[PDB]
Amino acid sequence: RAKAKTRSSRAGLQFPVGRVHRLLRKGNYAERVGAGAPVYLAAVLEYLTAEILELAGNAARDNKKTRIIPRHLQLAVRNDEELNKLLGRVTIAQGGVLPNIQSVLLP
Amino acid sequence: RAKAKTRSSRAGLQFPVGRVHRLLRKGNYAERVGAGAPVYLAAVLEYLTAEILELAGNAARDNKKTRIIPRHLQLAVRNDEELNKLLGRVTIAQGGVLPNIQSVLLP
Amino acid sequence: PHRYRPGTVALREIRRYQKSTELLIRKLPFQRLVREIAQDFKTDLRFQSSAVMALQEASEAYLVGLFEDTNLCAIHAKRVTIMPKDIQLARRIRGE
Amino acid sequence: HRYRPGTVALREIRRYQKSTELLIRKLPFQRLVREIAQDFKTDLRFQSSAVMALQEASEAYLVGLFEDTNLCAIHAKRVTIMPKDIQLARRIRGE
Amino acid sequence: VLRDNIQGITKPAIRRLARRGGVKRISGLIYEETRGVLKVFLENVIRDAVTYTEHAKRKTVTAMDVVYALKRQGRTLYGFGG
Amino acid sequence: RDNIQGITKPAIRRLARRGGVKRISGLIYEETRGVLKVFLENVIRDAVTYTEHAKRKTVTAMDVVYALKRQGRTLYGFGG
Amino acid sequence: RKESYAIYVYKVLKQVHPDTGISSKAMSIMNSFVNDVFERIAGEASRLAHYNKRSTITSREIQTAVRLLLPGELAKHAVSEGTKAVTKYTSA
Amino acid sequence: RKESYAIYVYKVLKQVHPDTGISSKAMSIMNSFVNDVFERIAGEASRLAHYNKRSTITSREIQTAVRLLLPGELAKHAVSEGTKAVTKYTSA
DNA sequence: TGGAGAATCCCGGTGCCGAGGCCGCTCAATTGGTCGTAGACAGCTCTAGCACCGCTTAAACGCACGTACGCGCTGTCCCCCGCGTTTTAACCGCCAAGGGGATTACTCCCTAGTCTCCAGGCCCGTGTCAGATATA
DNA sequence: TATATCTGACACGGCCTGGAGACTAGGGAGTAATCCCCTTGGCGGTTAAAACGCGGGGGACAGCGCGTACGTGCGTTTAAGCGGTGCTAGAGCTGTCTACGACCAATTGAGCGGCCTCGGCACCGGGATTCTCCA
């Protein structure tokens, strides 16, 4: 047998192709799972994770903190319209709400 | 051999136990399906079919119609609280709306 | 001559269109609207007739439910007239 | 040196909208959860994480409901929220 | 090329849909907002239906695609298959 | 018993301040208590059903997460 | 060829309302209702089996799926006829 | 042996925000987010397989699921990233 | 308070087409037997949830003052409803091309299954840095 | 906003199990071909509905008075909350066995496609009953 190379390194990803393939196989979705489906879904999950972490890090530097807390994730999700559409039925614990006051209540 | 007895007949049901069993196997729900699961599911489906059909026949008899139309099914579902809770996210085609004028609009 | 008060004809129309189950939007303009919406996504696209009636039934039901919530918003503001802020309030509360 | 009616409410809004801490005391919510769960199954054990999950979900639901209630109140040309606003919001949301 | 057929959703048609919902009086600014609401909803359904058709390598949008598109967004329609 | 009164008036006021409500009527609190009771009854009944299917006498946070996911109220950060 | 509940809903209608017929569109709506409720209960039972690390959908999973999905009196009754049906199937 | 996506979110976070850490509750949230998006996309891919009478999940099914679920720019960039990963896997 | 144009309800005749009953058959449900394995059940650990006392202290509760605000009344004017006339595009029928859905043969590449091997992720331990506290 | 301190969560550093390499087999789906439902473009009458316009009436909207009921501050109560200890239900892991469900094969009758029929119901026309507006 030759040297063992991981399937995530062949696709240039950090998310596991093999774990995603195993979760697709035991999750009872279809009778068969193709070769490119775990690669594709690992790439999609890596991109969505990257987008959430970029906006969370920007929100963390906006509050002068170098560690991401749930409040930074909530400010990351709900200030972007696409992630608000994706996570509209999702409650983030210890996330709070964005500060909005309607204009009729201002003095 | 012996006489071929239908599984729905020995369970006292009209809905097909074997068809529900086939659809449970081929529907990619779990690796195994128990023996009592299609009997239970056919019993629940037959009960819900009977509950909609009895109220639809009552609505057809109240409108002096021999025959159940989609308006009768809508009048059966939306006038009962439990069936409207079950089918609140579902639109019946050619079903119309219940007669409900608000009190402030009537003279 | 004979002239009805404002509201009696509207209430008779409410009773007629709540008793009936017919489609109220004309079929051919809805078909043309569906095709011009679908031509922005994929060119040279056909439609089954039952797809167009399914779209018409879903659209009519959604608009009737939106108008029910709009009427409740208009009654909440001590009015009997529906105005666009009632529609915007109903869609904001639903989450659209 | 009494403040105007409304400015302490506005500082309360800006204080509780900038915070993540739960606004309900933990022990009354524990007693309420156990009292409700007694009606479904007698002598249930409860994890602490389950009660914290219930409190977080209930607080988020009530905050969203009060936002919709405030929207109904401004739609009725009014600052004070009333039970009819809550009822209208739950009726439009489907409850 | 079909252009500007949103005016085919006429003012009496919107009035009839409001009469079905139990509306006594309608302001004259309602109809443009109703046309916009209907257009937004129709693009939301039709984009998913065209996606379902394109996955099957078909050129005709069927009633199955519309039923699955409405079932996806929680607006399930009975009577057109399922 | 009588544990709905533990959800006090300042707690409902605090939750309304988080929602951006500037002025609160005196009849908000009973309605908020009833709304919270209905929501907790639904989620707790579903979590109890999830627990009694698992042959357990302890309501795990997984059961609460799945109960909220059944109602489209997905909760993040509690092992979901 | 095409498979649907075109004869069992009529059987239930005849044993409930023996002098009442059904139209084609209403029967298609009833078939869609049966398929939708079947999909809901089967998906809930599969999700319950996956939550408890089980590879089998038993009668207990369908029972708790019916208790989860249906409202109160409907769930209590459907549990009662389901239990009666499995009891009659096992006893005969 | 509870499997989690913690080290992968470490790797992505250090890839794009090198001088930025993360908390434990934020990782519980991120783990739930990855699991939720995975379950959503895989369930839609299963539905796409069952609608077209298919028994396998390919890259086309995941592509169509990503186009159905994710909003516009998110769907476009996710499809681009997945297609790049698939052609990098196939070419190497 | 009572009468008239108009809508509404009720009843009888007519035609139609669509559900509904019946038959051939084929295909999927039924029966019979085998085997492996998922799960039922007992045992044991030790995690964690309930129970309770002290205290000190933040949070809640009651009371009083008062001013912003809800709410009702009035006026106005304008905008939408009601209805007559016109025009215009929907609708139905029949109609042909002709693109594409749906079925069938085949054949091949793709993916399940299996054995082996090893290295990546995971539990545990440690120490060190990022916020919260503290004060002006 | 600026200057010191503390602490507790967090990033880094041996075994085991699951992911990868190589091979085999078989079956699902791609490709080609064909056949016919069914989809669209179009002509033409027609008549129903959309559009336009005019009067008018009722209701959206603005202003104003008033009476009251939440907001706010302060003093007193009370029980959340943290620490600490104790103890016992029961969550969870492991081992063993046994019933039960997948699987394969032969049989057979249940349900579906196809076809013929008759009455339920929409439609038309006439008569009785409100019904809503106005003097």
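Every number in this text was worked out from the coordinates using simple rules, so none of it is lab data. Here Cβ is always computed from backbone atoms with ideal geometry, including for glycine, and neighbour counts include all displayed protein chains.
Exposure proxy shown here: for G:12, B:97, the number of other Cβ atoms within 10 Å sets the order, fewest to most, as B:97, G:12. The Cα atoms of chain A cover 75, 32, 20 Å along the three principal axes, with the biggest extent listed first. For chain E, the Kirkwood radius over C-alpha pairs fed into Stokes-Einstein at 20 °C and 1.002 mPa s yields D = 146 µm² per second. The ranking of H:2, G:11 by Cβ neighbour count inside 10 Å, starting from the fewest, reads H:2, G:11. Any idea what angle helix A:17-26 forms with the longest principal axis of chain A, computed on alpha-carbon atoms, 0 to 90 degrees, nearest 10? That helix lies at roughly 80 degrees to the long axis. Pairs exceeding a 19 Å alpha-carbon distance, out of C:85/D:77; D:41/F:55; A:26/F:57; F:57/G:84: A:26/F:57; F:57/G:84.
A label point on residue H:14, set 7 Å along the Cα-to-Cβ line, lies at 7.3 nm from each of its counterparts in the other copies, closest listed first. Taking a ≥ b ≥ c as the square roots of the eigenvalues of the Cα gyration tensor of the protein assembly as shown, is the shape rounded (a/c under 1.5), prolate (a/b larger than b/c) or oblate? Rounded shape, in that the Cα axes give a/c under 1.5. Just to confirm my numbers, what's the Cα centroid distance between segment G:18-34 and segment B:42-94 in Å? Rounded to whole Å, the Cα centres lie 10 Å apart. Remark: B:20, B:104 ranked as B:104, B:20, counting other beta-carbon atoms within 10 Å and listing the fewest first. Taking every residue in A:63-74 and counting other chain Cβ atoms within 10 Å of its Cβ, the average works out to 5. The calculated 222 nm mean residue ellipticity attributable to helices in chain D amounts to -21000 deg cm²/dmol, summing -39500 (n - 2.57) over DSSP H runs of n ≥ 4 and dividing by all residues.
Could you compute the net charge surrounding residue C:16? Neighbours are other residues with a C-beta less than 11 Å from the C-beta of residue C:16; K and R count +1, D and E count -1. Counting the neighbours of residue C:16, the net charge comes to +4.
Seen against the Cα atoms of chain H and their longest principal axis, helix H:59-69 is set at about 70 degrees. Quick one: angle between helix H:6-16 and the longest Cα principal axis of chain H, in degrees between 0 and 90, rounded to 10, please. Roughly 80 degrees between the two axes.
Placing one equal scatterer on every Cα of chain H and applying the Debye formula, the log10 ratio I(q)/I(0) at q = 0.12 Å⁻¹ is -0.50. Segment D:15-30 and segment D:55-88 have Cα centres separated by 18 Å. Taking a label point 7 Å from the Cα of residue D:95 along the Cα→Cβ vector, which residues of segment D:33-76 have an amide N closer than 13 Å to it? Answer for this model: D:57-69. Only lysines eight or more places from residue E:59 in sequence, or on another chain, were considered; those with a Cα closer than 21 Å are C:42, H:53. Placing unit charges on the Cβ atoms of the charged side chains and taking the dipole of chain D about its Cα centre, the candidate lying farthest along the positive direction among D:32, D:82, D:94 is D:82.
What FRET efficiency would be calculated for the residue pair residue C:41, residue B:106, taking the C-beta separation as r and a Förster radius of 60 Å, to the nearest 0.05? Calculated transfer efficiency: 0.85.
Antiparallel as a % of all DSSP beta bridges within the protein assembly as shown, to the nearest 5? DSSP beta bridges in the protein assembly as shown are roughly 0 percent antiparallel. What the Cα convex hull of chain C gives, in volume per residue, is 155 Å³.
For the set A:85/F:37; B:64/B:85; A:5/H:11; F:37/H:2; B:64/C:27; D:84/E:24, the pairs lying more than 25 angstrom apart at their alpha carbons are A:85/F:37; B:64/B:85; F:37/H:2; B:64/C:27.
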